[PDB]
Amino acid sequence: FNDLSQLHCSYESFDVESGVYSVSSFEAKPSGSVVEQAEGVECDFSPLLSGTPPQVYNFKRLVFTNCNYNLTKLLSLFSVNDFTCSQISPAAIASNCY
Amino acid sequence: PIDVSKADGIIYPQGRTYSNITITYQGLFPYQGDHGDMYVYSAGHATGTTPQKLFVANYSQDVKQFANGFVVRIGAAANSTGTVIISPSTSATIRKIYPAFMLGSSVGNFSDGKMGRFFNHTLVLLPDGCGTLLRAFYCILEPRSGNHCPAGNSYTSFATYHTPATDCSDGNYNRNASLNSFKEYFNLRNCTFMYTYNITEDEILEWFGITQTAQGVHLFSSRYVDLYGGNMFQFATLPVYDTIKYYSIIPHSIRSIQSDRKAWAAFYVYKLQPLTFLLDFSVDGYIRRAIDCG
Amino acid sequence: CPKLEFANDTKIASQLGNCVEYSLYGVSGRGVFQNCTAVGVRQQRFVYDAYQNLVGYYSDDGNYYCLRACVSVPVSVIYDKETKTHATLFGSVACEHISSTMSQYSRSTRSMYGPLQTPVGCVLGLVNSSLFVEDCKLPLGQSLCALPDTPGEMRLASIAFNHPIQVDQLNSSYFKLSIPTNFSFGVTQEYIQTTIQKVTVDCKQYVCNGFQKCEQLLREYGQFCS
Amino acid sequence: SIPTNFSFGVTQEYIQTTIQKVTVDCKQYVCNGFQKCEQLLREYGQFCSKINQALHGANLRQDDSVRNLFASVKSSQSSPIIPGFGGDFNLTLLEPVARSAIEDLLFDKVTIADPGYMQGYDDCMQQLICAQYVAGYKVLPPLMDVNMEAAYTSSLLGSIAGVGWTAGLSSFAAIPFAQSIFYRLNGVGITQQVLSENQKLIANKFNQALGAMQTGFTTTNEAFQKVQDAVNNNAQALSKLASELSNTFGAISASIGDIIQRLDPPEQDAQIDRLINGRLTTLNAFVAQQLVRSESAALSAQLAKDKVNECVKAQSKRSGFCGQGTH
Amino acid sequence: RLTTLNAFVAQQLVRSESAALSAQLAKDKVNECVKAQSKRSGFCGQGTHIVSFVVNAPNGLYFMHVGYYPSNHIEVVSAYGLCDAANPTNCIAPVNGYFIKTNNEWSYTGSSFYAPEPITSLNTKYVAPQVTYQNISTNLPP
Amino acid sequence: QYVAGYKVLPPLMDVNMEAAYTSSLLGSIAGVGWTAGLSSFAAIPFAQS
Amino acid sequence: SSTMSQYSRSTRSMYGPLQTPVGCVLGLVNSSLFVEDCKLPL
Ligand SMILES: *[C@@H]1O[C@H](CO)[C@@H](O)[C@H](O)[C@H]1NC(C)=O
Ligand SMILES: *[C@@H]1O[C@H](CO)[C@@H](O)[C@H](O)[C@H]1NC(C)=O
Ligand SMILES: *[C@@H]1O[C@H](CO)[C@@H](O)[C@H](O)[C@H]1NC(C)=O
Ligand SMILES: *[C@@H]1O[C@H](CO)[C@@H](O)[C@H](O)[C@H]1NC(C)=O
Ligand SMILES: *[C@@H]1O[C@H](CO)[C@@H](O)[C@H](O)[C@H]1NC(C)=O
Ligand SMILES: *[C@@H]1O[C@H](CO)[C@@H](O)[C@H](O)[C@H]1NC(C)=O
Ligand SMILES: *[C@@H]1O[C@H](CO)[C@@H](O)[C@H](O)[C@H]1NC(C)=O
Ligand SMILES: *[C@@H]1O[C@H](CO)[C@@H](O)[C@H](O)[C@H]1NC(C)=O
Ligand SMILES: *[C@@H]1O[C@H](CO)[C@@H](O)[C@H](O)[C@H]1NC(C)=O
């Protein structure tokens, strides 16, 4: 934990000898953040929010790139019974980006 | 032949590039040095100056597999002088021309039984305004019932006309001439969109590519980015709703005069198939040395 | 990506020359920025190396920026083994980072941060001392070392070079000889693992322990143990 | 049948001795300070601690091998490098005067980037090797200074200019290089007086023989290629960390921060498990590969010590020991 | 269980070639400077090795070289070879040793230690001269 | 192996020519094995050799 | 080259009389010469 237990984090030691232990654990921690790529307008997800929801064999898909998405105004107009995600997560609707 | 090691016809990568690195990359690639699907555009018949009957081919009734996209070379034979296609006794200069595209997943027979009829919504692309405009629509074609029409009597084939005295003059461009030339046979129903593009005219040869996938149709042109180099750079994305399995080229004709018949280049079309290349990107980022794996 | 309040401290110039984090709208991680001229294709803005790491970006004003990424301090710490002297070494860097802005869990300064700029970089926990020890077994990189010596702090030292007895080359027919006048008997001892312990085990006790359901199920793989 | 013309051909042999002593971290490389990773790495624990202790021990084995080969090459007595060494021999490229010219052009010719030993972070600031944190590992600066190596090379060079006359590894009676190589040519079985009526001719052919290789240092000389192949193998070793973060091995994405920022605990448990097993197996294979190269380097450095002990500081006895035919 | 036995056998195999090469080298060691006294530099013992000793051990062999190590190096004046000016072909080359001038004048010393003793034919050879040798006519060996 | 889907590589040099090397070595070891040196050839009759 | 498989391979201008001890050769010509410094062993 401190600096010396960090050395003795695998076994137990004693008093007075010579020996090199160049193993280490620290890092120069970040102190800054940038959140741009250029600019962005909002993609309209109202076409999903409006219109007739078509059948399962005729599912209607929309693609979004080079824009902005705001999930705060979208799930507020939803009533989700269940939300599962295979090898992705429901919690990543508006945090990570692709 | 098309030489990849001579940097002929390599699609630019989608969202990432390199600098002075040699590395392999998968993708959709054509075959090296093919015969292609070479077609030439010849002007219609003329007796002096007056508008007369066409002069076109049976390429209006020949089909090739879309596979995974296709690429078109423009003006490769241009800036030269060869025999006029309609007039073998005439030898004139060679000028670049641009092709019209029709796409769909169904091939059927025409009214006279000749194959080539396309069912449901069809993707139609057309250069216009002496090649300035790039009009397109994934809409429903409707042939008419008149003489020499695909749903009418005396039907033989189809093409598009051009009167450059009324179109390729100073300004004008004759109320999108080539679009109405294609609409002289056809009407549009159940339509979706109408996209135009703004491209200058010159006499420097160029590449073009067109493909489709789950995220729509994508069109790549080198006119927007690289002139002194030249690679298929992504410029257009079209909102298609299905997967296209067949492609074909609309033949184009010109209302020329008889005396000064100026021919056009024989453009080449190459199909795209899943493959891997090796790319040697220099410091500039332009595709100048690549090679196949197969 | 979703929107955010920007203010001033979100520009490349707002964090130039700093080890910061980056989120290029999906390309995220920790990066550094340096002002550079137009390298590569301008239209892409997303240029990667041979090992899939962003190396630059074309800004909106037209200034290019090399992305050499937020390389940390090159991390090392040394402890003289079980003599209570441990101190940290920073590879080939100035002492521009100090004992304030860390994280991890914690760091123990013990007694009483403090630059120990050295050829290996920036050391904390030492004190400068021009000491020359040839037979030291606690190297600190390049030619840096420490003295074993005999509730304080730890001192600096150098990996000394044993200079040979220098003899001047003579173009004349006479020459000077260097001769040892005292002799000893050094003992060089070595060990060679000529024979390993010849240990064997079978598949019915180590792998099966003689259980009958185990015994019948083991024959499905069967000749594997054989 | 004995030939009436003789030349001195040059054989170029490289043997790799010292892998760069790369070290990798349980904490920073594997985990990168992510709290679920922080609370999940410990119950794995002994695995990565065992392999990093193993690489520590292998690195120390390399270090003691380096110390032993320095003790072997440390001549007890030596001569300073003199101006105009060799007399008529224009051996300007070989002389050391900080750094020697021949190894300097070898450094330039071999595709080497600077391993940032003095302003490496500043080099990363202003403008591969800098990816040492980006992939995540740490190679130490070498055991010796470049001047420490220069002193060793100058010491052995001065020694072999004198110990090519008489056996006995204790006393030093440095011959001028001319008379030394005359006695060497007497040792290989050529009489003195033919050399003694042709000082200038043998000197000129000797100088063109010693000027042959730096003109011939190109793709044809296989030794330069095997130097570059050793360098490329070190590059592949570091690439085996660099690319393998991207190699998901059934995972989703390379960025562990994006892994944890996306995935929920009841599924990121299995995903971080997939991550940790993929990375631990890759590091196991990695440390296996360089431990194999470690005893390979041990035997190679022992053989190189024998080679500098036999046909460098003495006259050899094995037929074609270090040269093509009569070295 | 069985794949960590696969692993076990695999690393047993690795230690098997390691011990095979080790046994080859070790029997080479017990041949060279243990039975006879070879002339290799540091190949079996660090420093100028003299005598070696061999003991078994329940997992290998332990080797004990005892060898002369020098100390107290001092400067004296030696020579390379003495040939007569009138008779250049007569030269004395010291067998495994060097020259000295003390005049208790040229005498012999070994290659290891400051042990001067007068010029004897018993530890020298005759070799043809060179252009860079030494001549004298006032005091010559028999 | 082609049925198994691989190809062992053949000897890139012929059997009679390694036979020629071995014959040359049998001749050579008489020549070199009398006095140190690798230049010339010193073929003693093998009885005397 | 009649009964082949896989995808593609081509040949430049002229199946010559190339029956060698290794087998049969395509793309060479019959010439028995001496190479004492061969670097690319066929
Ligand atoms: C690009 O790579 C070549 C090949 O090594 C090299 O010679 C050239 O210097 C590189 N370009 C730059 C700008 O360094
Ligand atoms: C251009 O074509 C469109 C068909 O999409 C047509 O409606 C329009 O009238 C044409 N332009 C002119 C100037 O007529
Ligand atoms: C367009 O075509 C679709 C496909 O059958 C059809 O459902 C739709 O009614 C059509 N739209 C019209 C005729 O306006
Ligand atoms: C299209 O090009 C013409 C060329 O004169 C230009 O006048 C016009 O502004 C352009 N339009 C667009 C939208 O770029
Ligand atoms: C350490 O002290 C010595 C002697 O005073 C001095 O020469 C040297 O510059 C000091 N080291 C540094 C980094 O200043
Ligand atoms: C040689 O050195 C050792 C080292 O301690 C010393 O004990 C011994 O007396 C020395 N012998 C002579 C003759 O100086
Ligand atoms: C040996 O051959 C070389 C190369 O042709 C030539 O320059 C030299 O003069 C020759 N020497 C003798 C002694 O024939
Ligand atoms: C010695 O060699 C160097 C490098 O080839 C050359 O520059 C120099 O002029 C040479 N000197 C003599 C005296 O030949
Ligand atoms: C080349 O021609 C000679 C003479 O006819 C013949 O002996 C030899 O077998 C030929 N080689 C090949 C490969 O056919």
# chains A, B, ... in the order shown; residues from 1 in each chain; ligands from 1

$ residues_near_ligand --ligand "ligand 1" --cutoff "10 Å" --atoms "only C-alpha atoms and all ligand atoms" --output "number ranges by chain"
B: 19-22, 280-284; C: 39; D: 111

$ residues_near_ligand --ligand "ligand 7" --cutoff "7 Å" --atoms "only C-alpha atoms and all ligand atoms" --output "list in words"
residues 4, 5, 6 and 7 of chain D

$ write_last_selection --atoms "N, CA, C and O atoms" --output "PDB file, in the first residue's frame"
ATOM      1  N   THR D   4      50.217 -19.155 -55.759  1.00  0.00           N
ATOM      2  CA  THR D   4      51.189 -18.074 -55.851  1.00  0.00           C
ATOM      3  C   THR D   4      50.558 -16.697 -55.697  1.00  0.00           C
ATOM      4  O   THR D   4      51.260 -15.689 -55.830  1.00  0.00           O
ATOM      5  N   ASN D   5      49.258 -16.620 -55.421  1.00  0.00           N
ATOM      6  CA  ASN D   5      48.638 -15.343 -55.098  1.00  0.00           C
ATOM      7  C   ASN D   5      47.800 -15.497 -53.841  1.00  0.00           C
ATOM      8  O   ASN D   5      47.099 -16.498 -53.670  1.00  0.00           O
ATOM      9  N   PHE D   6      47.876 -14.508 -52.960  1.00  0.00           N
ATOM     10  CA  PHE D   6      47.120 -14.520 -51.721  1.00  0.00           C
ATOM     11  C   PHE D   6      46.480 -13.162 -51.498  1.00  0.00           C
ATOM     12  O   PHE D   6      47.077 -12.122 -51.797  1.00  0.00           O
ATOM     13  N   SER D   7      45.259 -13.181 -50.980  1.00  0.00           N
ATOM     14  CA  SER D   7      44.577 -11.979 -50.535  1.00  0.00           C
ATOM     15  C   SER D   7      44.125 -12.192 -49.100  1.00  0.00           C
ATOM     16  O   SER D   7      44.245 -13.285 -48.546  1.00  0.00           O
TER      17      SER D   7
END

$ interface_residues --of "chain C" --to "chain A" --cutoff "7 Å" --atoms "only C-alpha atoms" --output "ChimeraX atom specification"
/C:1-3,10-11,15,19-26,60,72-73,75-83,102-108,138

$ write_last_selection --atoms "N, CA and C atoms" --output "compact mmCIF listing (two decimals), in the first residue's frame"
# COMPACT_ATOMS: atom_id res chain seq x y z
N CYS C 1 -21.11 11.88 -30.65
CA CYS C 1 -21.18 11.86 -29.19
C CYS C 1 -22.16 12.94 -28.74
N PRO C 2 -22.69 12.84 -27.53
CA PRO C 2 -23.57 13.90 -27.02
C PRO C 2 -22.82 15.20 -26.75
N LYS C 3 -23.60 16.26 -26.59
CA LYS C 3 -23.06 17.60 -26.39
C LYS C 3 -22.57 17.78 -24.96
N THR C 10 -11.16 23.32 -23.36
CA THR C 10 -11.43 22.12 -24.14
C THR C 10 -10.69 22.12 -25.47
N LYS C 11 -9.91 23.16 -25.76
CA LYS C 11 -9.19 23.24 -27.02
C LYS C 11 -7.88 22.47 -26.95
N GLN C 15 -4.87 22.79 -23.85
CA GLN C 15 -4.10 21.76 -23.17
C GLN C 15 -2.90 21.35 -24.01
N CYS C 19 -0.04 16.15 -20.63
CA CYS C 19 -0.47 14.75 -20.69
C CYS C 19 -1.92 14.74 -20.30
N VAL C 20 -2.80 14.68 -21.29
CA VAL C 20 -4.22 14.76 -21.01
C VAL C 20 -4.97 13.56 -21.52
N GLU C 21 -6.29 13.59 -21.48
CA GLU C 21 -7.06 12.51 -22.06
C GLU C 21 -7.68 13.05 -23.34
N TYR C 22 -8.04 12.18 -24.27
CA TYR C 22 -8.69 12.62 -25.49
C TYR C 22 -9.95 11.80 -25.71
N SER C 23 -10.95 12.44 -26.30
CA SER C 23 -12.13 11.75 -26.81
C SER C 23 -12.46 12.40 -28.15
N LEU C 24 -11.84 11.87 -29.21
CA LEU C 24 -12.13 12.25 -30.59
C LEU C 24 -13.34 11.44 -31.06
N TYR C 25 -14.48 11.77 -30.44
CA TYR C 25 -15.82 11.29 -30.78
C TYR C 25 -15.89 9.78 -31.00
N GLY C 26 -15.28 9.04 -30.08
CA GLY C 26 -15.22 7.60 -30.20
C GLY C 26 -13.80 7.09 -30.13
N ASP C 60 -9.59 22.19 -36.81
CA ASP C 60 -10.52 22.94 -37.64
C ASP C 60 -9.91 24.23 -38.17
N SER C 72 3.31 8.11 -19.96
CA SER C 72 3.41 8.51 -18.56
C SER C 72 4.86 8.83 -18.24
N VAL C 73 5.13 9.02 -16.96
CA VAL C 73 6.51 8.89 -16.51
C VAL C 73 6.97 7.46 -16.77
N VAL C 75 8.31 4.49 -15.40
CA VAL C 75 8.08 4.21 -13.99
C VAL C 75 9.16 3.28 -13.48
N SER C 76 9.84 3.66 -12.40
CA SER C 76 10.62 2.67 -11.68
C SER C 76 10.73 3.07 -10.22
N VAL C 77 10.88 2.08 -9.36
CA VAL C 77 11.22 2.31 -7.96
C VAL C 77 12.23 1.25 -7.56
N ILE C 78 13.17 1.63 -6.71
CA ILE C 78 14.19 0.70 -6.25
C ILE C 78 14.11 0.64 -4.74
N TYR C 79 14.39 -0.54 -4.20
CA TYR C 79 14.54 -0.74 -2.77
C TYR C 79 15.82 -1.52 -2.56
N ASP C 80 16.74 -0.95 -1.79
CA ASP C 80 17.87 -1.74 -1.32
C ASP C 80 17.31 -2.84 -0.44
N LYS C 81 17.52 -4.09 -0.84
CA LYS C 81 16.72 -5.20 -0.33
C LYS C 81 16.94 -5.38 1.17
N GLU C 82 15.88 -5.14 1.93
CA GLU C 82 15.75 -5.35 3.37
C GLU C 82 16.75 -4.51 4.20
N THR C 83 17.37 -3.51 3.58
CA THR C 83 17.87 -2.33 4.29
C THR C 83 16.93 -1.19 3.93
N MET C 102 -0.69 12.70 -7.88
CA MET C 102 -0.68 11.29 -8.22
C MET C 102 -2.09 10.73 -8.03
N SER C 103 -2.20 9.41 -8.14
CA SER C 103 -3.41 8.67 -7.79
C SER C 103 -3.01 7.29 -7.28
N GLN C 104 -3.23 6.26 -8.11
CA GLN C 104 -3.00 4.86 -7.77
C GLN C 104 -3.71 4.51 -6.47
N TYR C 105 -2.95 4.28 -5.40
CA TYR C 105 -3.52 4.33 -4.05
C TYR C 105 -2.85 5.40 -3.20
N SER C 106 -1.53 5.34 -3.02
CA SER C 106 -0.80 6.28 -2.17
C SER C 106 0.69 6.12 -2.43
N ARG C 107 1.46 7.03 -1.83
CA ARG C 107 2.92 7.00 -1.88
C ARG C 107 3.45 7.49 -0.55
N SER C 108 4.52 6.86 -0.06
CA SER C 108 5.04 7.12 1.28
C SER C 108 6.36 7.87 1.17
N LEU C 138 23.99 -2.90 -6.97
CA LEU C 138 22.69 -2.24 -6.94
C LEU C 138 22.62 -1.18 -8.03

$ interface_residues --of "chain D" --to "chain E" --cutoff "6 Å" --atoms "only C-alpha atoms" --output "PDB file with C-alpha atoms, in the first residue's frame"
ATOM      1  CA  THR D 166      52.830 -14.793 -26.280  1.00  0.00           C
ATOM      2  CA  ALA D 167      50.461 -16.816 -24.107  1.00  0.00           C
ATOM      3  CA  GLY D 168      49.826 -15.862 -20.501  1.00  0.00           C
ATOM      4  CA  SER D 170      48.446 -11.746 -16.849  1.00  0.00           C
ATOM      5  CA  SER D 171      51.235  -9.503 -18.180  1.00  0.00           C
ATOM      6  CA  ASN D 309      39.314 -15.202 -26.524  1.00  0.00           C
TER       7      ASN D 309
END

$ residues_near_ligand --ligand "ligand 3" --cutoff "12 Å" --atoms "only C-alpha atoms and all ligand atoms" --output "PDB file with N, CA, C and O atoms, in the first residue's frame"
ATOM      1  N   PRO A  54     -43.575  -0.500 -37.917  1.00  0.00           N
ATOM      2  CA  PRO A  54     -43.886  -1.562 -38.875  1.00  0.00           C
ATOM      3  C   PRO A  54     -43.694  -2.936 -38.242  1.00  0.00           C
ATOM      4  O   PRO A  54     -43.267  -3.068 -37.099  1.00  0.00           O
ATOM      5  N   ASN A  58     -40.820  -6.574 -41.393  1.00  0.00           N
ATOM      6  CA  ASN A  58     -40.605  -5.345 -42.148  1.00  0.00           C
ATOM      7  C   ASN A  58     -40.045  -4.261 -41.241  1.00  0.00           C
ATOM      8  O   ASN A  58     -40.521  -3.125 -41.233  1.00  0.00           O
TER       9      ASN A  58
ATOM     10  N   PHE B 119     -37.894  -5.636 -61.697  1.00  0.00           N
ATOM     11  CA  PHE B 119     -39.093  -5.534 -60.878  1.00  0.00           C
ATOM     12  C   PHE B 119     -38.816  -4.702 -59.628  1.00  0.00           C
ATOM     13  O   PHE B 119     -37.665  -4.514 -59.224  1.00  0.00           O
ATOM     14  N   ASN B 120     -39.904  -4.195 -59.034  1.00  0.00           N
ATOM     15  CA  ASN B 120     -39.903  -3.385 -57.814  1.00  0.00           C
ATOM     16  C   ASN B 120     -39.054  -2.124 -57.956  1.00  0.00           C
ATOM     17  O   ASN B 120     -38.804  -1.662 -59.074  1.00  0.00           O
ATOM     18  N   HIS B 121     -38.634  -1.547 -56.829  1.00  0.00           N
ATOM     19  CA  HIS B 121     -37.935  -0.266 -56.852  1.00  0.00           C
ATOM     20  C   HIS B 121     -36.535  -0.430 -57.432  1.00  0.00           C
ATOM     21  O   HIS B 121     -35.809  -1.364 -57.080  1.00  0.00           O
ATOM     22  N   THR B 122     -36.163   0.480 -58.330  1.00  0.00           N
ATOM     23  CA  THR B 122     -34.931   0.376 -59.096  1.00  0.00           C
ATOM     24  C   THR B 122     -34.077   1.616 -58.888  1.00  0.00           C
ATOM     25  O   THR B 122     -34.593   2.736 -58.834  1.00  0.00           O
ATOM     26  N   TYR B 138     -33.833   6.000 -56.347  1.00  0.00           N
ATOM     27  CA  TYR B 138     -34.214   4.606 -56.132  1.00  0.00           C
ATOM     28  C   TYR B 138     -35.736   4.545 -56.184  1.00  0.00           C
ATOM     29  O   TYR B 138     -36.425   4.453 -55.168  1.00  0.00           O
ATOM     30  N   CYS B 139     -36.263   4.602 -57.403  1.00  0.00           N
ATOM     31  CA  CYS B 139     -37.702   4.724 -57.584  1.00  0.00           C
ATOM     32  C   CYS B 139     -38.233   3.740 -58.618  1.00  0.00           C
ATOM     33  O   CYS B 139     -37.474   2.933 -59.165  1.00  0.00           O
ATOM     34  N   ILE B 140     -39.533   3.803 -58.890  1.00  0.00           N
ATOM     35  CA  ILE B 140     -40.217   2.839 -59.743  1.00  0.00           C
ATOM     36  C   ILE B 140     -40.240   3.372 -61.168  1.00  0.00           C
ATOM     37  O   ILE B 140     -40.784   4.452 -61.429  1.00  0.00           O
ATOM     38  N   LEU B 141     -39.661   2.605 -62.089  1.00  0.00           N
ATOM     39  CA  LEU B 141     -39.707   2.930 -63.506  1.00  0.00           C
ATOM     40  C   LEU B 141     -41.024   2.465 -64.111  1.00  0.00           C
ATOM     41  O   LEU B 141     -41.559   1.415 -63.740  1.00  0.00           O
ATOM     42  N   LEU B 188     -41.853   8.021 -63.555  1.00  0.00           N
ATOM     43  CA  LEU B 188     -41.426   7.697 -62.199  1.00  0.00           C
ATOM     44  C   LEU B 188     -42.634   7.576 -61.284  1.00  0.00           C
ATOM     45  O   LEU B 188     -43.485   8.472 -61.248  1.00  0.00           O
ATOM     46  N   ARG B 189     -42.697   6.476 -60.534  1.00  0.00           N
ATOM     47  CA  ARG B 189     -43.762   6.256 -59.565  1.00  0.00           C
ATOM     48  C   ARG B 189     -43.165   5.699 -58.278  1.00  0.00           C
ATOM     49  O   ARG B 189     -42.094   5.085 -58.287  1.00  0.00           O
ATOM     50  N   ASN B 190     -43.887   5.930 -57.170  1.00  0.00           N
ATOM     51  CA  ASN B 190     -43.507   5.475 -55.825  1.00  0.00           C
ATOM     52  C   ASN B 190     -42.114   5.957 -55.430  1.00  0.00           C
ATOM     53  O   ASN B 190     -41.337   5.217 -54.822  1.00  0.00           O
ATOM     54  N   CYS B 191     -41.796   7.202 -55.766  1.00  0.00           N
ATOM     55  CA  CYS B 191     -40.426   7.687 -55.710  1.00  0.00           C
ATOM     56  C   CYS B 191     -40.037   8.091 -54.294  1.00  0.00           C
ATOM     57  O   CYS B 191     -40.887   8.257 -53.415  1.00  0.00           O
ATOM     58  N   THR B 192     -38.731   8.235 -54.080  1.00  0.00           N
ATOM     59  CA  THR B 192     -38.173   8.507 -52.761  1.00  0.00           C
ATOM     60  C   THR B 192     -37.375   9.799 -52.676  1.00  0.00           C
ATOM     61  O   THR B 192     -37.583  10.576 -51.743  1.00  0.00           O
ATOM     62  N   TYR B 241     -32.889   0.704 -49.222  1.00  0.00           N
ATOM     63  CA  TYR B 241     -33.636  -0.105 -48.273  1.00  0.00           C
ATOM     64  C   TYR B 241     -33.459  -1.605 -48.477  1.00  0.00           C
ATOM     65  O   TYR B 241     -34.044  -2.385 -47.718  1.00  0.00           O
TER      66      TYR B 241
END

$ residues_near_ligand --ligand "ligand 2" --cutoff "8 Å" --atoms "only C-alpha atoms and all ligand atoms" --output "PDB file with N, CA and C atoms, in the first residue's frame"
ATOM      1  N   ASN B 174     -30.192  22.909 -71.020  1.00  0.00           N
ATOM      2  CA  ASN B 174     -31.438  22.421 -71.603  1.00  0.00           C
ATOM      3  C   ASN B 174     -32.307  21.643 -70.624  1.00  0.00           C
ATOM      4  N   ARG B 175     -32.880  22.342 -69.649  1.00  0.00           N
ATOM      5  CA  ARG B 175     -33.751  21.754 -68.613  1.00  0.00           C
ATOM      6  C   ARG B 175     -33.488  20.264 -68.253  1.00  0.00           C
ATOM      7  N   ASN B 176     -32.446  20.043 -67.456  1.00  0.00           N
ATOM      8  CA  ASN B 176     -31.775  18.738 -67.335  1.00  0.00           C
ATOM      9  C   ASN B 176     -31.979  17.741 -68.499  1.00  0.00           C
ATOM     10  N   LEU B 179     -31.809  13.718 -68.182  1.00  0.00           N
ATOM     11  CA  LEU B 179     -32.890  13.179 -67.365  1.00  0.00           C
ATOM     12  C   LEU B 179     -34.186  13.088 -68.160  1.00  0.00           C
ATOM     13  N   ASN B 180     -34.528  14.143 -68.901  1.00  0.00           N
ATOM     14  CA  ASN B 180     -35.720  14.091 -69.741  1.00  0.00           C
ATOM     15  C   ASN B 180     -35.516  13.186 -70.948  1.00  0.00           C
ATOM     16  N   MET B 194     -34.329  12.779 -54.819  1.00  0.00           N
ATOM     17  CA  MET B 194     -33.756  13.405 -56.012  1.00  0.00           C
ATOM     18  C   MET B 194     -32.483  14.126 -55.575  1.00  0.00           C
TER      19      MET B 194
END

$ residues_near_ligand --ligand "ligand 6" --cutoff "10 Å" --atoms "only C-alpha atoms and all ligand atoms" --output "list in words"
residues 181, 182, 183 and 184 of chain C; 70, 71 and 72 of chain E

$ write_last_selection --atoms "C-alpha atoms" --output "PDB file, in the first residue's frame"
ATOM      1  CA  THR C 181      54.331  -8.815  -8.489  1.00  0.00           C
ATOM      2  CA  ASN C 182      51.821 -10.477  -6.148  1.00  0.00           C
ATOM      3  CA  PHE C 183      49.712 -13.566  -6.714  1.00  0.00           C
ATOM      4  CA  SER C 184      46.537 -15.036  -5.291  1.00  0.00           C
TER       5      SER C 184
ATOM      6  CA  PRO E  70      47.228 -11.187 -10.321  1.00  0.00           C
ATOM      7  CA  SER E  71      47.834  -8.183  -8.091  1.00  0.00           C
ATOM      8  CA  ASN E  72      50.392  -5.386  -7.584  1.00  0.00           C
TER       9      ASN E  72
END

$ select_by_dssp --residues "chain G" --states "strand (DSSP E or B)" --output "mmCIF file with N, CA, C and O atoms, in the first residue's frame"
data_model
loop_
_atom_site.group_PDB
_atom_site.id
_atom_site.type_symbol
_atom_site.label_atom_id
_atom_site.label_comp_id
_atom_site.auth_asym_id
_atom_site.auth_seq_id
_atom_site.Cartn_x
_atom_site.Cartn_y
_atom_site.Cartn_z
ATOM 1 N N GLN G 19 12.661 -31.628 -68.280
ATOM 2 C CA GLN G 19 12.580 -32.768 -67.374
ATOM 3 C C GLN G 19 13.902 -32.904 -66.632
ATOM 4 O O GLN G 19 14.909 -33.344 -67.191
ATOM 5 N N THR G 20 13.885 -32.545 -65.360
ATOM 6 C CA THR G 20 15.045 -32.435 -64.498
ATOM 7 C C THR G 20 15.045 -33.521 -63.427
ATOM 8 O O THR G 20 14.030 -34.193 -63.216
ATOM 9 N N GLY G 23 12.325 -33.048 -61.004
ATOM 10 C CA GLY G 23 10.984 -33.170 -61.527
ATOM 11 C C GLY G 23 10.846 -32.515 -62.883
ATOM 12 O O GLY G 23 11.639 -32.789 -63.789
ATOM 13 N N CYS G 24 9.851 -31.647 -63.047
ATOM 14 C CA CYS G 24 9.596 -31.008 -64.328
ATOM 15 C C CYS G 24 9.480 -29.510 -64.084
ATOM 16 O O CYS G 24 9.022 -29.091 -63.016
#

$ select_by_dssp --residues "region 1-143 of chain D" --states "alpha helix (DSSP H)" --output "count of residues only"
50

$ atom_distance --atom1 "CA of residue 262 (chain D)" --atom2 "CA of residue 90 (chain A)"
8.3 Å

$ residues_near_ligand --ligand "ligand 9" --cutoff "12 Å" --atoms "only C-alpha atoms and all ligand atoms" --output "ChimeraX atom specification"
/G:15-33

$ residues_near_ligand --ligand "ligand 8" --cutoff "8 Å" --atoms "only C-alpha atoms and all ligand atoms" --output "list in words"
residues 90, 91, 92, 93 and 211 of chain D

$ write_last_selection --atoms "C-alpha atoms" --output "mmCIF file, in the first residue's frame"
data_model
loop_
_atom_site.group_PDB
_atom_site.id
_atom_site.type_symbol
_atom_site.label_atom_id
_atom_site.label_comp_id
_atom_site.auth_asym_id
_atom_site.auth_seq_id
_atom_site.Cartn_x
_atom_site.Cartn_y
_atom_site.Cartn_z
ATOM 1 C CA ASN D 90 45.491 3.981 -42.255
ATOM 2 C CA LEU D 91 43.111 2.412 -39.745
ATOM 3 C CA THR D 92 41.115 5.613 -39.295
ATOM 4 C CA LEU D 93 37.703 3.940 -39.345
ATOM 5 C CA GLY D 211 38.528 -0.641 -46.518
#
